[PDB]
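Visitor: This is the structure, below, for whatever I ask next.
Heads up, the Cβs are rebuilt from the backbone with ideal geometry, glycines too, and the neighbour counts pull from every protein chain shown. Nothing in this text is a laboratory measurement; each read-out follows from the coordinates by a stated rule.
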Amino acid sequence: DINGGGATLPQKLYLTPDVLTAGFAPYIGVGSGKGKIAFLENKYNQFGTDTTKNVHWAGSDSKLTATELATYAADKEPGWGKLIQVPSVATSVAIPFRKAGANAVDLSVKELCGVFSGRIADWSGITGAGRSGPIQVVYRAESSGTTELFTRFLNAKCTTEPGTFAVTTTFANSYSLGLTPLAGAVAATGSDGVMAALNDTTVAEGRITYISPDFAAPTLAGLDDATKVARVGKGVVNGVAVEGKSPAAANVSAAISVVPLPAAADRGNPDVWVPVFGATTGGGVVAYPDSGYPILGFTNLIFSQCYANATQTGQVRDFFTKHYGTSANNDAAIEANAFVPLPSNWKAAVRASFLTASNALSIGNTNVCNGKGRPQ
């Protein structure tokens, strides 16, 4: 089989029948930190106990680091071919919470920052939410791409807390003053473990977290219920009070539609294929949008260009042809899972490097892959 796994943020999408095409084993959600290790080191033990199996791909919403790419380039690429890192879909980062009240919870970004730094310890600190009592933060214990997508936002926008947030996959390491300021914060494993903590009715109300929008409510419409999933973006712009937005996909899709492609000359570098957001545009970073829902980013796929086995090569190509298809694609399933499909120019760019047979970067390229490729 073709074996993949990793990021839990898109796990429900990849588990949806026919999103992964023929030859693909069921996706194993274990966190982006472990998905990267499984792929980069060919360590199926990060996915399960049957270590006779080889790893063929991973889902990750944590970008490959300069060290990870350099190591794979030195150690693995000569035998197995270049790695490919490409965006899969775009996503918001949702902020669900368990705190009763009729009023809409609408976090300003300042309030968001204070909740997650521990500066704001009580729901009364949120204007307009009509709620009072202790807030208890739930966060991911393990190396998590959702934590990376979220702390990249905090690092960019939380600029007037006592401390500052570093970009990281481990939430406990992000804030410079540590988690100590946060009374009774609770760690949980995977997107499912986080929601189970958030929804645990055996404990006092007050919990809040950051999570995949596909896990933050039981249906798409639940993402618009501001008595359970926070709006984010409340503020005053040009003197006029403005309401924040829900984390519904429609509220981040416009900002995603204008993220520019990497330049043609750079497309052999897997680092340029995953856009990341920041305070300002510069150096391939895209500024976080001042309209729509503010916390967004990409979750990605990591594949090999070359597979030793010719059937797997073909099945990997057929997957790309669907997931990046102009038509006959996975876009309805992507929408159904609270994500934003890649813009058509992105899909076309991915096909043109990684599918088009004459391109030297393409999966299973005769000349480049001959004699090479990951084990079956």
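Visitor: With no solvent and one point per C-alpha, what does the Debye sum give as log10 I(q)/I(0) for the chain at q = 0.12, 0.15 Å⁻¹?
Guide: With one equal scatterer per Cα and no solvent, log10 I(q)/I(0) is -0.87, -1.31.
Visitor: Stretch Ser344-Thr52 to full length: gain in nm at 0.36 nm per residue minus the Cα-Cα span?
Guide: Net length gain for the segment: 101.2 nm.
Visitor: Which whole-number percentage describes the relative contact order of segment 199-337, with Cα contacts under 8 Å and a sequence gap of 6 or more?
Guide: Relative contact order, segment 199-337: 16 percent.
Visitor: With no other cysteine's Cβ closer than 4.7 Å, which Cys residues of the chain count as lacking a disulfide-compatible partner?
Guide: For the chain, the answer is none, because every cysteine Cβ has another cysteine Cβ under 4.7 Å.
Visitor: OK, next. Looking at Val55, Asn199, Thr65, which one has the Cα that reaches farthest to the positive end of the dipole of the chain (charges on Cβ: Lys, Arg +1; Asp, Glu -1)?
Guide: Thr65
Visitor: Let me ask something additional. What are the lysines whose alpha-carbon lies under 29 Å from the alpha-carbon of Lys34, with same-chain residues fewer than 8 places away excluded?
Guide: Here the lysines satisfying the reach criterion relative to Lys34 are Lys12, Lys43, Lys53, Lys63, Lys76, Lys82, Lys157, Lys322, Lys347, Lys372.
Visitor: Which percent, nearest 5, of DSSP beta bridges in the chain are antiparallel?
Guide: DSSP beta bridges in the chain are roughly 60 percent antiparallel.
Visitor: If you don't mind, another one. Note down the net charge around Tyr324, summing +1 for each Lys or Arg and -1 for each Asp or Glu among other residues with Cβ under 12 Å from its Cβ.
Guide: Net charge in that neighbourhood comes out at +2.
Visitor: Using 0.36 nm per residue, how much length does the chain from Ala310 to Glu205 gain when fully extended, once their Cα-Cα distance is taken away?
Guide: 32.4 nm
Visitor: What are the ³J(HN,Hα) values, in whole Hz, obtained from phi via the Karplus relation 6.51 cos²θ - 1.76 cosθ + 1.60 with θ = phi - 60°, for each residue of segment 366-375 in sequence order, with x given for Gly and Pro?
Guide: Result, rounded to whole Hz: 3, 5, 5, 8, 5, x, 9, x, 4, x.
Visitor: Could you pull out every residue, at least 5 positions away or on a different chain, whose amide H is within less than 5 Å of the one on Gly278? Hs are placed 1.01 Å off N in the peptide plane, and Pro or chain starts have none.
Guide: Long-range HN contacts for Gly278: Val286, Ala287, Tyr288.
Visitor: Contact order normalised by length for the chain, with contacts defined as Cα pairs under 8 Å and 6 or more residues apart; what percent is it?
Guide: 23 percent
Visitor: Which far-off residues, 5 or more places away or on another chain, put their amide H under 5 Å from the one on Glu142, with H placed in the peptide plane?
Guide: The answer is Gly190.
Visitor: Relative to the longest principal axis of the chain, what angle (0 to 90°, nearest 10) does the C-alpha long axis of helix 66-75 take?
Guide: 20 degrees
Visitor: Output ³J(HN,Hα) for segment 184-201: one whole-Hz value per residue in order, computed from phi by the Karplus curve 6.51 cos²θ - 1.76 cosθ + 1.60 with θ = phi - 60°, and x for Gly and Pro.
Guide: Karplus-based 3J(HN,Hα) across segment 184-201 equals x, 5, 10, 9, 9, 9, x, 5, 5, x, 4, 5, 4, 5, 4, 8, 4, 6 Hz.
Visitor: Amide H to amide H, which residues 5 or more places from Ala187 or on other chains are under 5 Å from it, using H placed in the peptide plane?
Guide: Here the answer is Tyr139, since their amide H atoms fall under 5 Å of that of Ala187.
Visitor: In addition: Taking θ = phi - 60°, what integer Hz values does the Karplus form 6.51 cos²θ - 1.76 cosθ + 1.60 yield along segment 242-247, in sequence order, with x for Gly and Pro?
Guide: Calculated HN-Hα couplings, in order: 10, 8, x, 10, 6, x Hz.
Visitor: Sticking with this one: Would you please report the Å³ per residue occupied by the convex hull of the alpha carbon atoms in segment 35-114?
Guide: 172 Å³
Visitor: Tell me, what is the FRET efficiency for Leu177 and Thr227 to the nearest 0.05, using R0 = 45 angstrom and their Cβ-Cβ distance as r?
Guide: 0.90
Visitor: Using Cα centres only, tell me the gap between segment 265-304 and segment 38-94 in whole Å.
Guide: Cα centres, segment 265-304 to segment 38-94: 18 Å.
Visitor: For segment 1-41, which trypsin sites (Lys or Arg not before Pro) are both in a DSSP coil and crowded by at most 12 other Cβ atoms within 10 Å?
Guide: Taking segment 1-41 and a limit of 12 other Cβ atoms within 10 Å, no loop trypsin sites (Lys or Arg not before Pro) are found.
Visitor: I would also like to ask the following. Taking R0 as 45 Å, what FRET efficiency do you get between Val237 and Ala328 from their Cβ-Cβ distance, rounded to the nearest 0.05?
Guide: With a Förster radius of 45 Å, E is 0.60.
Visitor: Tally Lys and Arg at +1 and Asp and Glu at -1 over the other residues with C-beta under 14 Å from the C-beta of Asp106: what net charge comes out?
Guide: Value of the local net charge: +3.
Visitor: Another question, then. Taking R0 as 56 Å, what FRET efficiency do you get between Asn45 and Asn103 from their Cβ-Cβ distance, rounded to the nearest 0.05?
Guide: 0.70
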